[PDB]
Structure formats: C-alpha cells, structure tokens
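To start, the structure under review is shown below, and the notes come after it.
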Amino acid sequence: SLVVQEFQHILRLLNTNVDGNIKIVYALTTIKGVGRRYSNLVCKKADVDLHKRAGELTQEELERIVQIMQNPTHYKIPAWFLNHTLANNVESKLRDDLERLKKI
Amino acid sequence: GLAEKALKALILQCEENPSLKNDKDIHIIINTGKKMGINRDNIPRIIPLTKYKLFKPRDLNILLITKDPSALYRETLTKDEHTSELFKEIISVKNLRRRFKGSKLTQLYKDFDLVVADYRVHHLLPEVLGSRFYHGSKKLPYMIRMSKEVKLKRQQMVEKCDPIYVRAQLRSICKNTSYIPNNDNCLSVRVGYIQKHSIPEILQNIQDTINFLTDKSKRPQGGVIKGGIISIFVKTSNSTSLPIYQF
Amino acid sequence: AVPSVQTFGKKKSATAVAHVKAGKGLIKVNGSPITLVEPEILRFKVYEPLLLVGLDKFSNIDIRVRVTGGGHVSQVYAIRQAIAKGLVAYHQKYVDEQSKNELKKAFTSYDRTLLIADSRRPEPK
Amino acid sequence: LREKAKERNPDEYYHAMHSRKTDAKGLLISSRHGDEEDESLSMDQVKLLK
Amino acid sequence: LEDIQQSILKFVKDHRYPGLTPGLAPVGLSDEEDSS
Amino acid sequence: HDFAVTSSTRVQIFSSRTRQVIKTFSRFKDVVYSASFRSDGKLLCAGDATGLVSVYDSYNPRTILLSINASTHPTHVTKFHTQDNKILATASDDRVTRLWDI
Amino acid sequence: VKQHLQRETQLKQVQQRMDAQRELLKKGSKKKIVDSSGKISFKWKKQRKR
Amino acid sequence: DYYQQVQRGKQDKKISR
Amino acid sequence: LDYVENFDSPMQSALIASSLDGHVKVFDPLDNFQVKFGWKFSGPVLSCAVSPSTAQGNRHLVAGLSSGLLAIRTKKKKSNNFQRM
RNA sequence: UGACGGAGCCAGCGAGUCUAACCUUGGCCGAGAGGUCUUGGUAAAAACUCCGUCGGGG
C-alpha cells in the first residue's frame with residue numbers, strides 16, 4: 001500500500017535567489033535580466049522539459065545550467081543571446097544682455 | 001615595408017587619443033587612376049577573404065527583412081534549429097512600415113548590428129528603413145537569395161526556403177567584407193577590427209583585397225578597377241589618413 | 001436581355017449598390033459570398049433581410065452587392081438596406097404586386113430602416 | 001468649374017445621353033477609337049481579317 | 001563551320017531584379033560545411 | 001473523443017483521433033489531484049491540494065470560471081453529479097464531503 | 001544560311017497557330033480537350049459537313 | 001612617431017598651395 | 001477501477017481493474033467476474049480508463065503509471081453525357 | 001479599466017516646374033572659386049474584430 005516516486009523552497013543560485021513555483025524560463029530570466037528566448041536556448045542546451053515547475057529539476061541539471069551560464073562564450077552562444085554650469089553660463093549671458101538693453 | 005610602421009603608429013595613437021578611442025574598424029583608400037564608370041547604388045558587392053574570417057555570425061545582432069506573408073520563412077527559420085539561434089529578428093516589410101515610423105527607426109539603427117534583406121525586397125526598402133541607414137558603408141543592408149530557385153520567364157516561381165543555404169550565405173557575409181562602387185576614383189573598403197585580430201591578419205587581408213579588386217576576371221566583381229592604382233591609405237573613421245604605396 | 005434591378009443603400013458615409021438579376025440563388029458581397037461579411041458580430045444584422053422572409057425568395061435570384069465608404073458598422077447597415085430594397089423592388093418588377101406587399105409588410109413590421117434612410121439630420125433646439 | 005457644378009440643375013436632359021456612358025466612380029468614359037460603332041467587330045469581318 | 005554546317009542539314013540570372021548577379025552571395029564548400 | 005489526465009500541477013486534455021496533447025491547464029499552486037468533465041461535456045472540475053477547486057470551461061483554458069474554496073485540507077476528489085447536471089459533489093481530505101451547488 | 005533556316009521554322013510555327021485558330025472560327029461542333037502538359041486541343045464531333 | 005609627421009605634410013602642402 | 005457497458009463487443013459489459021503492478025486486468029459481470037484479459041505495464045499503475053460506450057471512433061485504453069508514464073493502446077476503426085447515355 | 005505577437009478589415013477632406021535639415025573624417029582635380037567621390041555624428045489611417053503567448057518604476 002505504498003507508492004514509489006522520484007523538492008525545495010526558494011532556492012539560491014549564482015549568489016541570487018531563484019523562484020520556486022514559476023517555470024524555468026522565468027527562473028533563468030530572473031537570473032539577472034537575460035533574455036527569455038536565451039533562457040529557452042539554455043533549456044534546450046540542458047535538454048530539459050520547458051514547462052516543469054521550479055520545485056522539480058534537481059541539482060545536477062541545475063549545475064549544468066550554472067556551467068552554461070557562467071560560460072556563454074564557450075558553448076557557441078552569441079552576445080545578443082548575452083548582452084549645468086552651462087546653464088549658469090546662459091543665465092549670466094541673459095542678465096548681461098538685459099543689463100545692456102535696459103541701460104540703453 | 002612601411003605599411004606595418006604606419007599601422008603600428010596609428011594603432012598606438014588610436015588607443016591614446018580620446019576621440020579616436022571610440023571607433024572600431026579600419027578603412028582602406030584605393031585611389032584608381034581613371035574613375036570607375038559604375039554608377040553608385042547600395043547593392044554592396046562582396047569580396048572574399050581567404051585567410052581570415054572577420055566577424056562571427058554567432059556574435060552579431062541580425063535583422064532579417066523578408067517578403068510579404070512571412071509565414072513560411074518565419075516558421076521555417078525558427079523551427080529548423082540550424083538557424084533558430086541565428087537571427088535576432090524577422091520582420092516582413094508590411095510590419096516594418098506599420099510598426100516603425102518616426103525615430104523608433106533610429107532606435108532600430110542603434111540596436112541592430114547587421115541588416116539583411118530578401119533580394120526582391122531590397123530595392124523597395126530605402127523608404128521604410130529610412131535615410132540614416134544609408135550613411136557610408138556601416139549598416140547598408142545586404143541582400144540574399146532565399147529560396148535558391150530561378151524564375152524562368154513567364155513561369156510562376158515556386159516559393160520555398162532552405163535554412164542550410166541561408167545560413168551558408170550569412171556565414172559568407174559575416175566572414176568576409178564588401179565594397180560599393182563609385183562614379184569617382186577613390187573608394188574605401190571596410191577591413192579590420194580593433195581588438196579582434198592583428199597586423200599579419202590585416203596585412204594579408206589588404207593583399208587579398210587589392211588582388212581581388214585588380215583581378216582581371218570575375219567581371220561584375222573582380223574586374224572592376226580600371227587604370228593604374230595609385231595609393232592606399234589606412235585610417236579608422238575619425239582619424240587622419242596614413243599613406244601607403246605611392247607608385 | 002436579363003431581368004435586372006439596381007437599388008442603393010446608405011448609412012453615415014457608406015454606400016451599397018445591389019444588382020438583382022434572375023438566376024440560381026447566390027448572394028455575394030464585393031466578390032465574396034455573403035457568409036463572410038466581416039465584423040462577424042453583425043453578420044446577423046446582414047442575415048436578417050434573408051431570414052425575415054425565408055430563403056426561397058433568394059433561391060431564385062442572384063443578388064450581388066458592392067459597398068464603399070464608412071467603417072465597419074456603417075458598411076453593415078448599407079449592405080442590408082440595399083439588399084432589402086433590392087428584393088422588394090425586384091418583386092414589384094418581375095413577379096406580382098401582392099408579393100411586393102407581403103415582403104414590405106415583413107420588413108417594415110420588423111424594422112422600417114431596412115427600407116428608408118435613417119438620416120439623423122441635425123436639430124437647432 | 002466649381003460654380004457650374006453648383007448650378008448643375010439635376011433635371012436637365014440632353015439627347016446624347018443615349019449614346020454616352022459612365023463609370024461606377026462617376027466620371028464619364030470616352031472611347032479611344034472615336035464613334036458609336038467604332039468599339040468592336042463582327043465575326044465575318046474578323047474571319048476575313050484572319 | 002562543322003557545328004553550324006551540321007545545323008543547315010539536320011550566376012543565377014533573372015528577368016526583373018538585376019541587383020542579383022551583382023549582389024549574390026558567392027558561397028563555398030568550407031562556408032557550407034564548417035559546422036560551427 | 002477527448003480525455004483529461006492529471007500530473008504534477010498540470011491537467012492535460014489529450015485528444016483521441018490524434019492521440020496527442022490538445023490543451024493544458026496549469027494555473028494551480030500546488031499539485032492538482034482530480035480532474036473530471038461534467039455530464040454534458042462542457043465544464044472541467046479540478047481540485048488541488050491547497051484545498052480549492054476550480055471549475056472551468058473545458059477546451060477553454062483561460063476562463064477560471066468558478067473557484068470554490070473547500071476545506072483547508074486538500075480535496076482529493078472533485079466530481080460532478082451525473083444525474084443532475086449542476087451539483088458538484090466534492091470530497092476532501094478533511095474527512096467530510098460536500099455537495100456544493102455551482 | 002543557318003539564320004535563314006531559323007527564320008523559316010519560326011514563321012512555320014506562327015502559321016500553325018494562326019491556322020488552327022481560323023479553323024476554330026469556321027463551323028462544326030468542337031470539343032475543347034486539355035492535355036497533361038498544359039497544351040489544349042480541339043476535337044470535332046463526328047459529323048459530315050453537308 | 002609618424003602621425004604628426006604626415007599631419008605636417010598635409011598642413012604644409014595646403015598652405016604652400 | 002472502471003466500468004463500461006454496451007460497446008461493440010462479444011463482451012456486453014466490461015470492468016477493468018488496475019493493480020499497481022503493471023497489471024491491468026479486465027473482468028465481466030455476466031460471466032461472474034472471471035478474469036478475461038490482462039496487460040502488464042511496467043511500473044506500478046495508478047489509473048486506467050477505456051473510452052466510453054459512445055465512442056463512434058477509435059476506442060482507447062489509457063493507463064497512467066506511478067513513475068510519470070502514460071501508456072496508450074488504441075483500437076482504430078464520368079461525363080454527364082456518359083451517364084445520361 | 002491590460003501587455004506581446006501575428007492575421008483579417010474600413011474612411012473623408014489635401015494635388016502652384018512646387019516639398020524642404022545640420023555637422024564631420026579624408027581622397028581626387030583646379031592657379032582659385034569651387035567641383036567630384038569617401039567617412040562618422042546628431043533634427044525630423046487608428047480604433048475594432050480574430051488566433052496564439054504573458055500574468056510597481058530608476
């Protein structure tokens with residue numbers, strides 16, 4: 001009467017926290033500001049299911065992604081996948097001009 | 001013999017000078033004797049580089065500008081996966097006109113590093129992509145055959161696309177460089193890059209360029225220079241010229 | 001010749017010309033069948049001069065329309081006015097006057113602006 | 001021309017209205033070959049020409 | 001005078017876009033197959 | 001011709017004549033436990049472990065049409081009444097089952 | 001001589017096309033048959049011209 | 001030490017003209 | 001467990017029961033529940049269902065398996081002148 | 001009280017041989033005026049319906 005099987009909370013990667021219940025692309029873009037399709041690429045690089053939760057997906061595929069992200073220029077990944085004292089002068093010029101006129 | 005001397009000197013002073021620190025190529029001035037009789041267009045004819053590859057298609061931002069319905073080309077070049085990582089953006093010209101007017105255009109200019117258009121749309125393009133693209137030889141949009149099919153006269157040409165061929169063409173474009181003809185006698189090709197390769201690379205590049213331009217065959221592209229070649233000045237954009245080979 | 005009758009419909013700045021000639025029973029609008037008049041919510045605004053008077057009266061004539069001007073909703077109202085005036089005018093011409101009367105009673109009891117122009121001419125109060 | 005269009009009188013009848021035609025877009029269609037019979041041919045003339 | 005005397009007894013050109021043969025991409029075998 | 005099959009946090013509608021996926025319901029917080037179409041075929045009801053059920057229009061994955069909060073304990077079983085068409089009989093893990101009227 | 005020859009074959013073909021049309025004009029009960037290749041042809045009904 | 005040399009070349013050529 | 005009645009079969013009724021061993025075994029209440037047939041899907045099994053009695057198409061049998069596996073087994077199902085002559 | 005793609009779909013006024021920028025890096029020719037080419041930087045129908053996608057700000 002037992003069923004067999006194969007989790008964590010908010011996780012930490014690359015000295016940053018990564019979500020727990022949003023999907024993998026949004027996780028990797030929360031990793032700082034990189035592109036959604038770039039994360040889609042990296043997920044294909046993992047050969048990971050795209051629409052798995054962030055509470056799944058164990059530490060060995062996590063570190064594989066860590067390797068890939070810390071080495072973008074090494075697995076043939078392009079960089080686009082990666083990424084009034086003058087106003088003092090003009091007010092002085094103004095006052096001097098208007099001195100001159102209102103004097104004349 | 002003098003070329004390397006002039007080259008190293010300009011290299012040194014272009015990391016030194018403030019205004020010269022901000023630009024990243026080298027231009028070559030071939031001054032023919034007689035003018036090339038070819039009236040100028042912006043169909044940038046391409047020259048090959050045997051020894052060295054200039055840029056990397058896995059480094060450059062690419063815009064691709066195609067024919068109307070765009071269904072076929074978009075799905076195929078996205079789902080082939082030998083080009084899925086290749087193009088930053090795919091746009092048909094109806095979308096381009098309907099989406100980009102004003103100075104969002106200039107936003108696209110500064111954003112995208114190289115623009116490539118379908119061969120039968122290039123002539124229509126200069127309106128929509130605007131005027132500030134057609135400055136010099138920096139971001140002149142190139143043109144590529146896409147379906148690899150000839151329209152025999154009075155025949156409905158099939159509409160098709162093969163991603164292998166398109167990535168072959170783009171690898172050619174990104175690996176070598178391109179000139180553009182003049183009604184006058186002096187032209188300047190784009191060669192080199194600051195940090196990406198060095199003096200022997202650029203010297204062999206120069207030799208291959210002048211050899212191709214002076215090749216008496218390859219008549220639309222090789223056999224082009226008419227008269228005696230006078231000189232070649234090496235310079236970046238904001239520089240002063242450096243003289244080479246005055247005989 | 002052909003038995004053929006032309007009518008006109010009109011809302012804010014649209015126009016719609018219907019030619020009705022005796023034929024086999026097709027209905028087209030700018031060179032496409034009526035079942036693709038576009039805004040797709042108001043398709044039944046266009047179908048109601050058909051389904052108020054039954055399909056057979058259109059089984060025996062070939063109604064063919066062209067519109068222009070205006071926007072979505074205006075072209076819808078011009079099409080249906082032109083069709084309704086087209087069907088009742090052909091019936092007066094090339095069949096009986098009684099069936100002209102029964103048609104026009106149907107369209108008028110349901111909605112008189114199938115037949116007369118809904119001109120909101122201004123008012124200075 | 002704009003003043004004439006303003007006093008058009010939309011009841012005028014001239015007799016050559018039976019020969020001359022128009023568009024759907026309003027302005028009138030004039031033939032390039034001249035006369036009321038100078039539009040198109042017949043089968044006996046076309047056979048002899050062939 | 002044998003070919004033409006046999007008669008009496010017996011680079012993608014286009015029509016309408018001639019920016020092409022000036023502007024084509026002269027691809028190569030290395031340019032095709034070098035899997036980057 | 002179609003059948004629902006649950007997963008972890010994902011209710012899928014597979015097809016029958018093409019035996020492939022059709023549609024994906026994936027707006028659930030924790031893992032989702034029972035999925036069942038109605039009598040007439042219109043609605044799908046799905047109860048998950050947070051303790052809320054959602055009934056929403058099958059073949060229309062974007063209208064979370066009526067979310068009924070059952071007990072705070074998980075609701076393992078959420079079924080629609082067959083004989084009637086509008087009483088959702090749900091269960092729970094709270095040892096108490098309920099007949100809601102939708 | 002060769003250029004004369006090509007002129008002659010081309011005029012021959014133009015006369016082939018023109019002659020087929022002239023006889024489509026004449027009479028009879030034709031039938032318009034369509035080949036595989038795209039080429040059309042006509043085939044007359046089996047009847048005696050009177 | 002070549003850049004300023006050719007600068008002086010250009011300058012002096014044109015002022016000589 | 002699942003029960004399905006009046007589908008085009010020599011069995012008028014069938015009851016298919018599923019038992020966490022690969023074993024999905026199919027029984028019938030007109031021959032007093034004697035075992036009729038059985039598949040052995042690999043892992044333990046959590047659910048089974050056959051497509052209903054009004055399928056009118058290719059019927060299916062799906063079983064869903066405790067390691068995250070579906071196994072699906074599907075049973076499929078000139079001239080107008082000339083004529084008037 | 002929505003983003004993001006694609007895809008469909010509809011106006012009414014405008015029609016004087018007149019309609020339109022600024023800097024720049026250098027080459028060539030000319031005795032000069034300037035002419036020709038080259039290079040970089042800054043200024044200038046929509047709604048609507050349809051299909052998929054998403055679910056505080058420097």
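Quick note on naming: the chains in the structure tokens go A, B, ... in the order shown, residues restart at 1 in each chain, and ligands are numbered from 1 in order of appearance.
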
Selection: 6 Å around region 118-120 of chain B, only C-alpha atoms (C1' of nucleotides), excl. self and same-chain fewer than 2 positions, as an NGL selection string: :B and (66 or 122 or 143-145)

Using DSSP on the backbone coordinates, identify all residues within region 97-164 of chain B classified as strand (DSSP E or B); present the result as a list in words.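 Going through region 97-164 of chain B, the strand (DSSP E or B) residues come out as residues 114, 115, 116, 117, 118, 142, 143 and 144 of chain B.
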
In Å, with one decimal, what is the gap from CA of residue 70 (chain F) to CA of residue 1 (chain I)?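 These atoms are spaced 25.7 Å apart.
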
Find the residues around region 33-41 of chain J up to 10 Å (only C-alpha atoms (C1' of nucleotides) counted), leave out those fewer than 4 positions away in its own chain, and share them as a list in words.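 Near neighbours after the sequence-gap exclusion: residues 23, 27, 29, 35, 135, 136, 137, 138, 182, 183, 184, 185, 186, 187, 188, 189, 236, 237, 238 and 239 of chain B; 23, 24, 25, 26, 27, 28 and 29 of chain J.
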
Who sits within 10 Å of region 1-10 of chain G, only C-alpha atoms (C1' of nucleotides), same chain under 4 positions skipped, as a list in words: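 Neighbouring residues, sequence-local ones excluded: residues 4, 5, 6, 7, 8 and 9 of chain E; 14, 15 and 16 of chain G.
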
As a list in words, list the residues of chain G assigned to alpha helix (DSSP H) by DSSP on the backbone atoms of this structure.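 For chain G, the alpha helix (DSSP H) set is residues 2, 3, 4, 5, 6, 7, 8, 9, 10, 11, 12, 13, 14, 15, 16, 17, 18, 19, 20, 21, 22, 23, 24, 25 and 26 of chain G.
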
Contacts of residue 20 (chain A) at 6 Å (only C-alpha atoms (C1' of nucleotides); same-chain gap of 6+ positions) as an NGL selection string: :A and (9-10 or 54-55)

Selection export as a tab-separated table (two decimals), in the first residue's frame, atoms kept: C-alpha atoms:
```
chain	number	residue	atom	x	y	z
A	9	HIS	CA	11.65	26.23	-1.38
A	10	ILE	CA	13.01	29.44	-2.93
A	54	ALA	CA	10.87	25.24	-10.24
A	55	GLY	CA	10.29	22.91	-7.30
```

With 8 Å as the limit and counting only C-alpha atoms, what residues in chain B lie close to chain E? Please list them as a list in words.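 Selected residues: residues 43, 44, 45, 46, 119, 120, 143, 144, 145, 150, 151, 152, 153, 164, 165, 168, 169, 171, 172, 173, 220 and 221 of chain B.
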
Output the selection as a PDB file, in the first residue's frame - C-alpha atoms for each residue.
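And here's out08.pdb as it stands now:
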```pdb
ATOM      1  CA  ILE B  43      23.902  46.797 -53.617  1.00  0.00           C
ATOM      2  CA  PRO B  44      27.031  46.078 -51.632  1.00  0.00           C
ATOM      3  CA  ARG B  45      29.106  43.745 -53.728  1.00  0.00           C
ATOM      4  CA  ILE B  46      31.024  41.296 -51.604  1.00  0.00           C
ATOM      5  CA  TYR B 119      16.776  40.039 -52.677  1.00  0.00           C
ATOM      6  CA  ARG B 120      13.473  41.105 -54.176  1.00  0.00           C
ATOM      7  CA  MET B 143      20.767  41.124 -49.926  1.00  0.00           C
ATOM      8  CA  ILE B 144      20.490  37.339 -50.023  1.00  0.00           C
ATOM      9  CA  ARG B 145      18.823  34.798 -52.224  1.00  0.00           C
ATOM     10  CA  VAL B 150      15.306  30.804 -60.584  1.00  0.00           C
ATOM     11  CA  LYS B 151      12.168  32.349 -62.059  1.00  0.00           C
ATOM     12  CA  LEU B 152      12.193  31.211 -65.606  1.00  0.00           C
ATOM     13  CA  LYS B 153      10.405  33.816 -67.700  1.00  0.00           C
ATOM     14  CA  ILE B 164      21.043  25.471 -44.821  1.00  0.00           C
ATOM     15  CA  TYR B 165      21.514  27.726 -47.806  1.00  0.00           C
ATOM     16  CA  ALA B 168      25.631  29.422 -45.742  1.00  0.00           C
ATOM     17  CA  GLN B 169      25.103  32.849 -47.272  1.00  0.00           C
ATOM     18  CA  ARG B 171      28.310  32.781 -42.988  1.00  0.00           C
ATOM     19  CA  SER B 172      29.846  34.096 -46.188  1.00  0.00           C
ATOM     20  CA  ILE B 173      28.719  37.660 -45.453  1.00  0.00           C
ATOM     21  CA  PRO B 220      30.903  42.025 -62.148  1.00  0.00           C
ATOM     22  CA  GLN B 221      33.012  41.919 -59.003  1.00  0.00           C
TER      23      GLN B 221
END
```

Closest atom pairs, residues of chain D within 9 Å of region 21-39 of chain G, only C-alpha atoms, as CSV:
```
residue,atom,partner,partner_atom,distance
D:43,CA,G:25,CA,8.4
D:47,CA,G:22,CA,7.1
D:50,CA,G:22,CA,6.6
```

Prev. selection, N, CA and C atoms, output as a PDB file, in the first residue's frame:
```pdb
ATOM      1  N   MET D  43     -18.126  38.787 -86.571  1.00  0.00           N
ATOM      2  CA  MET D  43     -17.440  37.544 -86.858  1.00  0.00           C
ATOM      3  C   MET D  43     -17.061  37.429 -88.315  1.00  0.00           C
ATOM      4  N   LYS D  47     -13.212  37.068 -89.405  1.00  0.00           N
ATOM      5  CA  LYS D  47     -12.763  35.906 -90.148  1.00  0.00           C
ATOM      6  C   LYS D  47     -11.992  36.313 -91.376  1.00  0.00           C
ATOM      7  N   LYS D  50      -8.554  37.499 -90.405  1.00  0.00           N
ATOM      8  CA  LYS D  50      -7.656  36.390 -90.090  1.00  0.00           C
ATOM      9  C   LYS D  50      -7.124  35.737 -91.356  1.00  0.00           C
TER      10      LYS D  50
END
```

10 Å contact set for region 56-68 of chain A, only C-alpha atoms (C1' of nucleotides), chain neighbours under 6 positions out, as a ChimeraX atom specification: /A:7-8,13-14,20-21,23-24,28,39,42-43,45-49,74-75,77 /F:8

I need the chosen residues saved as a tab-separated table (two decimals), in the first residue's frame, with N, CA, C and O atoms.
```
chain	number	residue	atom	x	y	z
A	7	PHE	N	12.64	18.19	-3.83
A	7	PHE	CA	11.94	19.46	-3.75
A	7	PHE	C	12.64	20.40	-2.77
A	7	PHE	O	13.34	19.96	-1.86
A	8	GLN	N	12.46	21.70	-2.99
A	8	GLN	CA	12.99	22.73	-2.11
A	8	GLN	C	12.11	23.96	-2.25
A	8	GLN	O	11.28	24.05	-3.16
A	13	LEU	N	20.95	30.58	-6.46
A	13	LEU	CA	21.94	30.29	-7.48
A	13	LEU	C	22.68	31.55	-7.88
A	13	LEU	O	22.07	32.62	-8.02
A	14	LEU	N	23.99	31.40	-8.09
A	14	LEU	CA	24.87	32.47	-8.55
A	14	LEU	C	24.76	33.69	-7.64
A	14	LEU	O	24.68	34.83	-8.09
A	20	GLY	N	10.36	29.45	-6.93
A	20	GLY	CA	10.01	28.07	-6.63
A	20	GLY	C	8.81	27.53	-7.38
A	20	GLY	O	8.72	26.32	-7.60
A	21	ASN	N	7.88	28.39	-7.77
A	21	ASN	CA	6.64	27.95	-8.40
A	21	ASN	C	6.38	28.59	-9.75
A	21	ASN	O	5.26	28.48	-10.27
A	23	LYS	N	7.95	28.95	-13.87
A	23	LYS	CA	8.57	27.95	-14.71
A	23	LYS	C	10.01	28.34	-15.02
A	23	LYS	O	10.51	29.41	-14.62
A	24	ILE	N	10.68	27.47	-15.77
A	24	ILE	CA	12.13	27.51	-15.87
A	24	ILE	C	12.61	28.74	-16.61
A	24	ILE	O	13.65	29.32	-16.25
A	28	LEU	N	15.23	31.53	-15.16
A	28	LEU	CA	16.51	31.91	-15.74
A	28	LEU	C	16.56	33.37	-16.19
A	28	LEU	O	17.66	33.91	-16.31
A	39	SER	N	17.06	32.06	-22.38
A	39	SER	CA	16.79	31.00	-21.43
A	39	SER	C	16.17	29.79	-22.10
A	39	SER	O	16.42	28.67	-21.68
A	42	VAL	N	19.05	27.98	-23.50
A	42	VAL	CA	19.81	27.30	-22.45
A	42	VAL	C	19.06	26.07	-21.96
A	42	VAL	O	19.66	25.03	-21.67
A	43	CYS	N	17.74	26.16	-21.90
A	43	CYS	CA	16.95	24.99	-21.55
A	43	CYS	C	17.09	23.89	-22.59
A	43	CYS	O	17.23	22.71	-22.23
A	45	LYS	N	19.72	23.52	-24.32
A	45	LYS	CA	21.09	23.07	-24.09
A	45	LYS	C	21.12	22.03	-23.00
A	45	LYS	O	21.90	21.07	-23.05
A	46	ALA	N	20.26	22.19	-22.00
A	46	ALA	CA	20.07	21.19	-20.97
A	46	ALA	C	19.32	19.97	-21.47
A	46	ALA	O	19.46	18.90	-20.86
A	47	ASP	N	18.57	20.11	-22.56
A	47	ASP	CA	17.58	19.11	-22.97
A	47	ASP	C	16.63	18.80	-21.81
A	47	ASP	O	16.39	17.65	-21.45
A	48	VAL	N	16.13	19.87	-21.21
A	48	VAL	CA	15.19	19.83	-20.09
A	48	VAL	C	13.79	20.17	-20.59
A	48	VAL	O	13.63	20.95	-21.53
A	49	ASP	N	12.78	19.52	-20.01
A	49	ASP	CA	11.41	19.93	-20.25
A	49	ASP	C	11.21	21.38	-19.82
A	49	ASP	O	11.62	21.78	-18.73
A	74	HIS	N	31.64	29.92	-24.62
A	74	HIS	CA	32.35	28.66	-24.68
A	74	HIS	C	31.53	27.52	-25.23
A	74	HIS	O	32.10	26.50	-25.62
A	75	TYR	N	30.21	27.66	-25.29
A	75	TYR	CA	29.33	26.68	-25.92
A	75	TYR	C	28.64	27.31	-27.11
A	75	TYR	O	27.50	26.98	-27.44
A	77	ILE	N	27.60	30.52	-27.89
A	77	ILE	CA	26.40	31.29	-27.59
A	77	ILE	C	26.70	32.76	-27.84
A	77	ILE	O	27.59	33.32	-27.20
F	8	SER	N	1.66	16.51	-12.06
F	8	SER	CA	2.02	17.49	-11.06
F	8	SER	C	1.70	18.87	-11.58
F	8	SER	O	2.37	19.36	-12.48
```

Residue contacts of region 16-21 of chain D (8 Å, only C-alpha atoms (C1' of nucleotides)) excluding same-chain residues fewer than 5 positions away, as a PyMOL selection string: chain D and resi 28-30+36

May I ask which of the residues C:77, C:110, C:58, C:44 is the closest one to residue 28 (chain C), counting only C-alpha atoms?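 Among C:77, C:110, C:58, C:44, it is C:58 that comes nearest to residue 28 (chain C).
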
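Rounded to one decimal, CA of residue 27 (chain A) and CA of residue 63 (chain B) lie 27.5 Å from each other.
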
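The two atoms in question, CA of residue 71 (chain F) and CA of residue 6 (chain A), are spaced 28.7 Å apart.
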